[PDB]
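Have a look below at one chain only, the form solved without the named molecule, in structure tokens format.
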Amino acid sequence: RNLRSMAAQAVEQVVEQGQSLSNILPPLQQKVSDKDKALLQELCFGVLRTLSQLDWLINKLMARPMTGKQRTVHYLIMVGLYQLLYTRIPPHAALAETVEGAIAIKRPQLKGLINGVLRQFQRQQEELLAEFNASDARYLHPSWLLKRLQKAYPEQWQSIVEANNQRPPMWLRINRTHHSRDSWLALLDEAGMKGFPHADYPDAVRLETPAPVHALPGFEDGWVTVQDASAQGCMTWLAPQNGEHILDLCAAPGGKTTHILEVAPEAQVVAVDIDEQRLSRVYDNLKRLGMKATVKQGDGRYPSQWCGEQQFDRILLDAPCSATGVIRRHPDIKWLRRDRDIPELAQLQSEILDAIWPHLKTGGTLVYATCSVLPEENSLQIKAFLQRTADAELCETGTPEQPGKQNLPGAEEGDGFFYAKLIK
């Protein structure tokens, strides 16, 4: 099959139809071998990551970009440009494969145009790149988001977009019930792989180079879990204890659920999430680590539908959010989210907070977390909740003036992420 055609179609579905790469890729990757799967992923993630550049180039090369009935051709050309710019595939081979891709997208009559456009890029590559690197498109973020970052982070915005554009570090979480972090690191070294600790995340190991999960010592035995460092940081704030009834709301994929049980093996945790698609994930993590918990389908807007009038000792709310802190792992975020989504998400977060707070027992601890870097979902949010919720009190994360703690992405750091700890 033609991988370039597959990548073009996948990227089109994300950008034009609003589909998540996490949903489209699976069925596609399953058809192909390991080497082809890797290249397909490289193309899809790469075109999404660099779309600002590829689109800029198309606009400089084509007076009339391919549209409507020919929209897939537009993405196929971008897949071609991506190979020329970001891989070492022999250009003649990249061109040949991309051009041949016209047959699988049912537009074989466009081969000549695809070849022509890519050759024209080859002819004009030098000047086009020099021009590109003087433009704002070089930051690879859509304007609405670039501007939001520039406003929220007047000093750090360049470093933030740069970190968003890097290949993401593979962070692992070592299950302390089986090994200490340092002991497991020794196993990693013996296995021929290199890992690094982090001073702020005691269970974390950052791999020097990403590896498949089957290559990680004891993955199937529950010795280690793949989980970004920032998310691991939730435990520092949740501080779960044995015997407690803890709610992990919006639990998929179940990484924090199990972390709670690594910290507190005798906690009575209830993990809840929207559908039976995100729930299969949680069941897997619980099984793998030989843990037990009650897993429920549920909407955080209407808690009584799944927990009646029950109250909990601690609540970890991983709030639905823009996921702007995780762009390095999911470049589709840049193209799936729109400016208008931020106020909507902020209001949902506001609604969920309202609906779940009553279910916190008195003296309980709620940890509000997001994987956003936008103040409206984060610090500004917590302040609004405090203002309208008399029995809430911030605890240690930030100040009443600037609630919470904000993480920013970096090569040896976790994703952009935010924490706020509240007590009633």
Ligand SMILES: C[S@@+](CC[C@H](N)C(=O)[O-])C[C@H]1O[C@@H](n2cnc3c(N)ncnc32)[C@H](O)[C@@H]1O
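Numbers for residues come from their place in the sequence shown, where the first is 1.
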{"query": "64 to 72 versus 25 to 33 - greater average Cα B-factor per the deposited record", "finding": "25 to 33"}
{"query": "Selected stretch [higher average CA B-factor]: 361 to 369 or 394 to 402", "finding": "394 to 402"}
{"query": "Per the PDB entry, maximal CA B factor within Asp354, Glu262, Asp203, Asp284", "finding": "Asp284"}
{"query": "Top Cα B factor in the deposited entry, candidates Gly243, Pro331, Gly80, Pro142", "finding": "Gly243"}
{"query": "Chain third (lowest, middle, highest) by recorded CA B-factor, residue given as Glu208", "finding": "highest"}
{"query": "Relative C-alpha B-factor of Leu386, binned into the chain's lowest, middle or highest third", "finding": "highest"}
{"query": "Lowest, middle or highest third - CA B-factor, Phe219", "finding": "highest"}
{"query": "B-factor third for the C-alpha atom of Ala420 within its chain", "finding": "middle"}
{"query": "Third of the chain, ranked by Cα B-factor, where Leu172 sits", "finding": "lowest"}
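One more form of this protein exists, namely the form deposited with the named molecule bound; it is left out here, but the text below deals with it.
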query: Residue contact check: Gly298 to the named molecule in the bound PDB entry, 4.5 Å heavy atom; finding: yes
query: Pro320: touches the named molecule in the bound PDB entry, heavy atom cutoff 4.5 angstroms; finding: yes
query: Contact test in the bound PDB entry: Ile260 vs the named molecule, heavy atoms, 4.5 Å; finding: no
query: Distance check, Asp339 to the named molecule in the bound PDB entry, heavy atom within 4.5 Å; finding: no
query: Answer range among 79 to 87, 179 to 187, 145 to 153, 244 to 252 for contact with the named molecule, defined in the bound PDB entry as heavy atoms within 4.5 Å; finding: 244 to 252
query: Residue among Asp275, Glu100, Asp354, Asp200 with a heavy atom within 4.5 Å of the named molecule in the bound PDB entry; finding: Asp275
query: Sole residue of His74, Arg314, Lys256, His141 within 4.5 Å of the named molecule in the bound PDB entry, by heavy atom; finding: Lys256
